[PDB]
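Protein chains in written order, with full-length UniProt numbering: chain A, 2 to 447; chain B, 35 to 228; chain C, 5 to 353; chain D, 17 to 227; chain E, 162 to 172; chain F, 2 to 26; chain G, 2 to 190.
Built from N, CA and C at the ideal position, the CB exists for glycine as well.
Presented below is the structure to which this report refers.
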Ligand SMILES: CCCCCCCCCCCCCCCCCCCC(=O)O[C@H](COC(=O)CCCCCCCCCCCCCC)COP(=O)(O)OCCN
Ligand SMILES: CCCCCCCCCCCCO[C@@H]1O[C@H](CO)[C@@H](O[C@H]2O[C@H](CO)[C@@H](O)[C@H](O)[C@H]2O)[C@H](O)[C@H]1O
Ligand SMILES: CCCCCCCCCCCCO[C@@H]1O[C@H](CO)[C@@H](O[C@H]2O[C@H](CO)[C@@H](O)[C@H](O)[C@H]2O)[C@H](O)[C@H]1O
Ligand SMILES: CCCCCCCCCCCCO[C@@H]1O[C@H](CO)[C@@H](O[C@H]2O[C@H](CO)[C@@H](O)[C@H](O)[C@H]2O)[C@H](O)[C@H]1O
Ligand SMILES: CCCCCCCCCCCCO[C@@H]1O[C@H](CO)[C@@H](O[C@H]2O[C@H](CO)[C@@H](O)[C@H](O)[C@H]2O)[C@H](O)[C@H]1O
Ligand SMILES: CCCCCCCCCCCCO[C@@H]1O[C@H](CO)[C@@H](O[C@H]2O[C@H](CO)[C@@H](O)[C@H](O)[C@H]2O)[C@H](O)[C@H]1O
Ligand SMILES: CCCCCCCCCCCCO[C@@H]1O[C@H](CO)[C@@H](O[C@H]2O[C@H](CO)[C@@H](O)[C@H](O)[C@H]2O)[C@H](O)[C@H]1O
Ligand SMILES: CCCCCCCCCCCCO[C@@H]1O[C@H](CO)[C@@H](O[C@H]2O[C@H](CO)[C@@H](O)[C@H](O)[C@H]2O)[C@H](O)[C@H]1O
Ligand SMILES: CCCCCCCCCCCCO[C@@H]1O[C@H](CO)[C@@H](O[C@H]2O[C@H](CO)[C@@H](O)[C@H](O)[C@H]2O)[C@H](O)[C@H]1O
Ligand SMILES: CCCCCCCCCCCCO[C@@H]1O[C@H](CO)[C@@H](O[C@H]2O[C@H](CO)[C@@H](O)[C@H](O)[C@H]2O)[C@H](O)[C@H]1O
Ligand SMILES: CCCCCCCCCCCCO[C@@H]1O[C@H](CO)[C@@H](O[C@H]2O[C@H](CO)[C@@H](O)[C@H](O)[C@H]2O)[C@H](O)[C@H]1O
Ligand SMILES: CCCCCCCCCCCCO[C@@H]1O[C@H](CO)[C@@H](O[C@H]2O[C@H](CO)[C@@H](O)[C@H](O)[C@H]2O)[C@H](O)[C@H]1O
Ligand SMILES: CCCCCCCCCCCCO[C@@H]1O[C@H](CO)[C@@H](O[C@H]2O[C@H](CO)[C@@H](O)[C@H](O)[C@H]2O)[C@H](O)[C@H]1O
Ligand SMILES: Cc1cc2nc3c(=O)[nH]c(=O)nc-3n(C[C@H](O)[C@H](O)[C@H](O)COP(=O)(O)O)c2cc1C
Ligand SMILES: Cc1cc2nc3c(=O)[nH]c(=O)nc-3n(C[C@H](O)[C@H](O)[C@H](O)CO)c2cc1C
Ligand code: SF4
Ligand code: SF4
Ligand code: FES
């Protein structure tokens with residue numbers, strides 16, 4: 002503890018968190034139809050179990066995992082299946098994907114949940130498989146199944162459960178409100194995780210730019226001992242698992258290794274809240290919290306949205322587009338993607354619905370690199386982005402891999418501090434995609 | 035096999051050596067003449083033909099002094115009588131030592147000064163060469179009796195000799211060499227003065 | 005085509021950097037121009053205009069967009085070359101230097117960010133080598149509006165054409181005077197007692213280059229540049245520390261032969277080279293240890309060629325040598341990654 | 017057999033296409049007359065060596081192929097030196113070491129080892145003559161482009177170096193010119209050579225596009 | 162398809 | 002003469018050395 | 002002292018920038034750093050041994066017998082011979098060693114530097130120790146220049162050099178500028 006800070010890089014972008022983190026979490030009227038993609042997680046894609054025209058209740062297991070590394074899909078609301086086919090996906094390409102379409106009946110009747118009894122009584126494996134049959138996908142961006150992470154963590158020895166409450170992305174305030182209003186729930190979820198993984202204490206960390214969240218967390222968790230609330234600095238690449246681990250524990254996650262090596266596990270606050278809900282009440286992951294902000298939105302807010310709700314309904318709920326949105330990002334400005342259209346659904350990993358106007362989007366006129374070395378002074382991983390970009394532009398991906406293309410996390414600190422405006426992150430993404438394509442080809446060859 | 039590998043190499047070396055020897059026996063003669071003629075051409079630029087009769091590069095002296103060390107005085111005798119003596123002087127300049135030649139007559143009057151070797155920066159102190167400026171031709175009537183030991187310096191130090199625009203170290207070295215040569219001739223009488 | 009992130013920026017630009025560097029150079033350039041007068045102004049104007057025009061022509065030939073002219077990469081080089089030249093120099097000296105730098109040194113390699121050598125110092129070295137007489141004629145300070153400096157048309161005849169200046173308007177500086185007097189079998193103390201004052205040399209009351217003369221306004225500009233986070237303190241700190249330490253050691257060893265410390269600092273283009281010229285981003289290391297090595301080597305070479313060399317100042321030569329050595333330093337002193345040791349293999353825990 | 021002569025001048029140049037024999041190209045080039053003299057000496061030695069090797073082609077055991085040939089080359093070089101030290105001493109003093117440094121001339125040995133071993137005497141001789149004319153052309157173009165920039169004058173002291181009969185080549189360009197000193201110096205050689213290489217590239221591309 | 166979609170090199 | 006014999010000796014020494022080296026290695 | 006002589010040979014009297022010796026392999030192999038380093042080490046070793054052997058032959062065979070005009074021939078022959086040996090003995094006695102020194106040895110057999118340096122030594126009339134030091138200095142200067150020009154050419158391989166100058170012409174221009182930068186060391190030693 003007693004954070005080492007360091008980080009060895011980082012930027013201070015405009016937070017813009019004061020225009021949305023005022024109102025409480027709103028609610029959505031039930032939209033007519035929901036589009037649920039069958040791949041809302043990492044790894045394999047779940048297989049459907051219902052047919053067209055079937056009647057399902059709120060919480061039914063529409064799709065099941067084909068392998069260990071997957072996650073089921075649960076019906077957000079009671080209704081009738083109308084399509085098991087192609088649906089638009091929340092991807093920059095705009096291509097379609099396999100997915101179900103559910104017509105909202107409007108009754109909104111819950112299924113007979115399999116509630117547990119005395120959650121602090123059972124062995125860790127039973128709780129882990131209960132989480133597995135809950136749809137938890139780790140709503141922090143990595144969309145990785147929480148059950149696999151917990152099962153792997155139980156194998157080793159864990160000395161600390163680190164709740165990643167440091168929402169660092171600009172314009173995003175979902176974590177702030179979810180921690181202000183659900184402090185008891187997040188503390189109980191942290192306790193349940195600490196029981197699942199035999200550990201010592203939880204070190205729940207929040208950034209210093211959220212005094213209300215810190216006060217609420219400290220008020221909620223002061224009678225139970227090992228629970229701790231920590232104040233990390235206000236840095237952009239601070240929510241990352243590796244950077245937060247280095248800041249709190251003081252060690253470094255070895256390259257090509259997992260967080261369990263240093264005996265620390267990282268979970269987002271929304272993921273821990275979902276785990277707490279699943280363990281205490283048996284409710285699967287059906288809805289989450291998203292942040293709608295930007296200069297083109299009449300009323301920025303945080304909305305509790307069902308999975309599969311179209312983006313257009315979300316925009317209409319918050320008043321409407323008060324002008325022409327130059328960009329419609331899905332997530333923070335440093336990692337968001339351009340939405341092809343407003344009919345795209347909301348996957349479990351969707352974090353924001355930013356509507357950036359012209360005055361918020363900086364102009365960029367690319368120029369030759371002047372080798373000012375401002376990239377090296379901002380990279381959290383201590384790489385040399387200029388050399389990586391030079392080798393990627395020359396199609397020498399092998400040379401770029403030597404300079405740190407393997408360890409890059411695409412945080413976007415490169416292009417933020419570039420005098421001659423260069424899309425360094427675009428180069429890195431293109432090089433990684435080319436490496437993945439070559440790897441796929443050569444693997445198929447075998 | 036080993037037959038070719040050594041036989042052909044030895045044969046090449048032997049035949050080529052023989053041909054080179056046949057060339058040497060012819061060219062060794064004519065190369066010495068060319069080098070001696072080059073030496074005479076360099077010497078003649080400061081010594082007019084009428085003054086000397088015998089061959090200057092046949093009776094070269096070797097004189098020890100107290101400062102310069104060993105000298106290479108070449109006499110120029112018309113009829114058993116010394117008329118001019120040609121020697122060389124060395125002095126540290128800016129880019130390195132400067133080797134110049136002096137051809138001073140039997141009465142102490144300088145008959146001409148030429149700079150043989152120098153490594154000064156071109157375009158700034160290259161005027162010492164007689165093919166670029168007439169400055170080196172200043173020492174043509176001066177001696178140790180019409181110029182006391184106050185005018186044998188550049189104008190910067192209070193003398194009578196002009197200095198190059200932007201370069202004074204090289205003229206200082208040349209004037210010092212000329213003065214030292216004249217004083218060396220004055221010290222060693224008879225065999226150098228007559 | 006789809007657009008990639010991030011969608012945020014810090015409003016930085018190359019134009020702002022170059023304009024800030026020019027603004028930092030302005031207080032010393034004004035002091036230099038006022039002290040020497042109209043010929044200095046004419047030389048500076050000619051050098052800057054020639055730099056801009058030749059950059060425009062080179063951009064037109066190579067096909068690059070004309071917006072590259074507006075980033076200040078050529079105006080800064082012209083400014084540095086003009087302030088690095090003798091004050092009362094002919095126009096063709098400045099024009100030739102500008103053509104040799106913007107051209108061979110910068111545009112022949114592709115443009116900004118591609119050249120491996122410093123353009124301004126390359127032009128200065130080429131001018132010194134090609135024309136030694138015109139680059140070693142230092143005019144005494146003749147302040148503007150002083151009743152002794154030439155008028156506005158006499159100064160035009162001085163700068164353009166070839167009218168000889170005067171008998172008595174040209175003197176010797178400090179380093180060259182010290183070396184000459186040492187070659188005149190005088191000890192290294194008598195020379196500095198009656199031929200050098202530190203207070204006047206620090207203010208800038210001595211003959212020298214156009215902007216080199218003042219070692220205080222340059223220091224203020226460099227400090228402001230460091231506080232603006234445009235340059236890194238490693239190179240200036242290393243250069244100044246190395247030169248001062250070597251000079252002090254030499255003075256302590258042989259006081260009657262070596263002069264060091266204040267004399268070495270307040271003489272020549274050491275401060276200007278350390279702050280504004282050796283900190284060229286395109287031709288400097290990108291690491292911290294690399295920058296420290298760059299600065300230490302620059303200082304050592306500058307002092308070595310100053311003391312035992314054949315030049316009175318070798319800031320340009322040291323900078324060019326270290327620019328040549330830069331790529332090896334870049335490829336052998338890369339910063340440590342995350343979760344890896346210095347050698348690069350993964351950490352063990 | 018004349019086709020090789022017409023091809024070795026521009027299509028395959030010893031120092032402009034094959035990137036060989038750069039030491040004499042860059043060192044003895046300060047005057048056009050020096051370049052012409054070096055080029056002609058190299059042409060003479062090339063012709064003689066090539067002819068001798070072609071005549072003695074049917075042997076030269078491959079395992080010892082290098083030194084043997086070097087031997088022959090060395091002979092024709094050494095004799096050459098001892099000729100021009102005895103009857104062209106004024107030219108010999110200027111060239112100095114590089115007249116002796118023809119044994120290691122990469123172009124000479126490469127052409128010897130690449131053509132002479134598989135061709136008759138006359139094609140060998142013609143090839144050598146073409147290579148030497150190409151070398152001479154390069155050493156005259158670079159020599160002139162450096163001399164003009166350094167002093168303004170074209171071929172100079174030809175009456176002394178190459179004999180009074182070649183006085184007619186003494187022509188002055190840009191009278192009343194002090195010249196740029198950098199062209200004579202070593203930095204002036206590499207830049208001029210690079211510019212000539214780029215000009216050759218450009219003219220070749222223009223011809224190819226016209227084709 | 163989506164799994165075969167990859168980024169285009171920046172201009 | 003005393004020179005050609007030395008030249009031939011050095012030549013045959015080099016030839017025998019290279020031949021023995023090629024044979025053994 | 003010997004340190005001043007070595008430094009002067011390396012910097013003040015560099016065999017390439019102000020000597021114009023061994024330019025063809027220097028401009029043909031410097032595209033890649035590892036071959037440049039290998040050839041630099043190999044040529045340093047070869048030039049040192051060649052200088053030592055040339056001095057021994059000149060002061061023990063050529064001069065006592067009265068024949069000097071054969072010198073060039075003798076020198077090259079000996080050096081060539083030696084190089085061949087230094088090559089083939091490396092092949093299988095240390096097979097791992099034939100990846101950094103042996104592969105590049107064929108080149109330096111005829112380099113104009115292994116021949117240039119000994120003749121220059123001959124002109125100055127150096128002794129055995131001085132000749133060996135001169136050879137090693139010339140070698141360490143050839144290295145110091147190749148292992149510095151390779152870096153620049155590799156930096157420029159990834160640059161944006163115009164299509165009319167990419168490759169050899171830009172290398173020649175960079176070499177000219179590097180010689181103009183080395184010119185500052187003149188007269189220091
Ligand atoms: C005139 C005497 C000057 C004396 C003083 C000179 C002092 C300064 C020297 C400056 C020389 C010029 C520097 C500017 C070069 C700009 C290059 C622009 C880009 C480029 O490569 O353009 C190409 C140049 O033409 C070529 O590639 C052809 C070039 C042919 C050169 C022939 C002259 C050889 C002699 C040079 C001696 C210099 C000595 C200097 C001491 C043609 O455009 P591109 O094909 O790249 O277009 C691509 C678009 N698609
Ligand atoms: C990369 C770091 C290199 C560190 C180098 C440190 C060694 C250099 C300094 C010690 C040598 C000082 O060298 C001393 O100075 C003078 C010039 O002042 C050198 O040079 C002097 O002699 C040479 C040879 O004749 C000529 O150029 C001229 O006469 C003069 O310049 C001398 O050889 C020596 O007397
Ligand atoms: C891009 C275009 C070129 C810009 C750079 C050149 C600017 C003009 C420089 C011209 C220089 C000519 O050089 C100088 O000319 C001026 C007038 O100009 C002459 O001046 C002459 O006319 C002026 C009035 O016009 C009189 O006051 C003066 O007494 C008389 O001498 C100078 O005697 C001469 O030394
Ligand atoms: C990018 C900026 C470039 C700036 C270029 C400026 C070029 C200026 C050229 C100056 C010309 C020579 O300068 C001039 O020389 C001549 C004779 O030599 C004399 O001047 C005489 O001829 C010039 C024309 O050449 C007439 O303008 C002048 O009235 C007359 O007196 C003066 O000395 C000086 O006016
Ligand atoms: C090598 C790096 C620098 C590259 C240099 C590019 C070449 C630039 C020109 C160099 C010319 C050198 O030659 C130089 O010619 C100029 C004309 O311009 C002559 O100049 C003469 O006439 C001009 C008018 O035109 C007057 O301004 C000048 O005062 C007078 O001397 C110089 O007396 C001579 O020294
Ligand atoms: C931005 C607006 C303008 C700001 C600049 C205001 C002017 C500043 C520059 C003034 C410089 C001239 O001022 C001074 O003039 C005198 C003679 O007059 C010169 O001559 C002398 O002055 C100094 C004064 O200490 C003497 O010690 C010294 O022996 C000698 O250099 C100086 O070298 C020069 O420094
Ligand atoms: C009497 C003559 C004295 C000449 C002095 C010349 C020294 C030049 C530099 C002056 C000092 C500048 O002061 C400098 O301020 C910067 C402001 O970011 C500090 O900060 C600097 O280092 C820190 C780490 O230590 C970095 O994280 C930071 O990015 C960098 O800017 C430096 O630690 C300090 O060295
Ligand atoms: C390595 C990084 C730099 C370290 C610091 C470098 C400082 C500058 C170099 C200092 C060099 C001193 O150089 C050396 O000075 C000594 C002084 O003892 C001179 O020595 C001379 O004077 C001393 C007394 O002072 C006599 O006893 C001695 O017999 C005589 O030779 C040497 O001839 C000279 O070689
Ligand atoms: C710049 C940042 C790094 C600073 C590092 C400081 C480390 C060294 C500290 C001890 C330095 C002592 O430095 C000492 O100062 C004296 C004045 O007292 C200076 O000496 C000064 O006055 C003497 C006469 O008194 C003059 O002959 C001399 O030219 C002048 O510089 C010298 O430079 C040095 O002899
Ligand atoms: C021509 C003159 C040349 C001058 C050359 C100067 C010597 C340079 C070579 C020796 C360098 C040794 O470089 C070695 O690098 C390691 C990292 O690998 C440094 O390690 C450390 O350096 C600095 C210490 O200030 C820290 O800020 C840095 O974070 C850390 O890496 C060691 O402190 C240093 O010993
Ligand atoms: C790596 C960094 C190393 C820094 C340098 C440290 C070593 C410095 C050695 C030089 C020490 C002084 O060494 C010696 O000093 C003498 C007298 O003092 C000076 O004086 C020299 O000048 C003349 C010509 O100017 C020379 O011909 C002569 O050899 C010598 O007298 C020279 O500079 C140097 O020959
Ligand atoms: C952006 C750059 C703009 C460049 C503008 C240049 C304008 C001036 C053109 C160059 C100077 C022409 O001025 C020149 O003057 C000299 C005498 O001084 C005379 O020229 C004479 O000397 C010059 C010296 O280089 C040579 O051309 C030649 O030896 C002879 O013609 C001519 O009058 C004219 O060639
Ligand atoms: C890595 C870079 C290293 C730089 C070089 C190391 C410093 C070298 C300094 C050499 C200084 C030469 O200094 C000059 O030379 C002579 C001999 O040549 C020195 O002489 C000194 O060393 C010689 C040789 O060991 C002794 O015999 C002598 O008693 C002593 O005085 C003088 O002090 C000076 O006149
Ligand atoms: C650039 C970047 C930004 C990140 N921002 C956050 C964040 O704001 N909140 C968070 O919890 N994790 C953040 N992370 C890390 C992961 O999203 C998450 O912490 C971990 O990988 C999986 O946690 P989960 O299992 O709780 O989803 C970030 C990572 C990177 C690389
Ligand atoms: C801090 C700093 C220093 C600079 N120094 C120089 C310099 O010495 N010479 C130069 O031509 N440009 C200099 N520039 C301008 C820029 O670096 C120049 O365009 C590149 O060297 C061109 O390749 C400098 C710019 C900055 C920001
Ligand atoms: S995107 Fe990759 S290279 Fe760039 S700063 Fe982030 S981790 Fe470093
Ligand atoms: S920030 Fe931009 S200009 Fe600076 S080194 Fe990195 S890529 Fe180059
Ligand atoms: S290396 Fe000298 S000619 Fe090839």
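Does ligand 16 have even one heavy atom less than 8 Å from the beta-carbon of residue i?
i	result
residue 405 of chain A	yes
Start and end of the beta strand (DSSP E) containing residue i?
i	result
residue 133 of chain B	131-139
residue 139 of chain C	That residue, residue 139 of chain C, is in no beta strand (DSSP E); it is neither H nor E in DSSP.
The alpha helix (DSSP H) spanning residue i covers which residue range?
i	result
residue 147 of chain B	Not the alpha helix (DSSP H): residue 147 of chain B falls in the beta strand (DSSP E), residues 147-151.
residue 99 of chain D	81-103
(request) Count the CB pairs spanning the region 194-213 of chain B and the region 78-98 of chain B that are closer than 8 Å, and state whether there are at least three. (result) No: the two stretches stay apart, fewer than three of their Cβ pairs being nearer than 8 Å.
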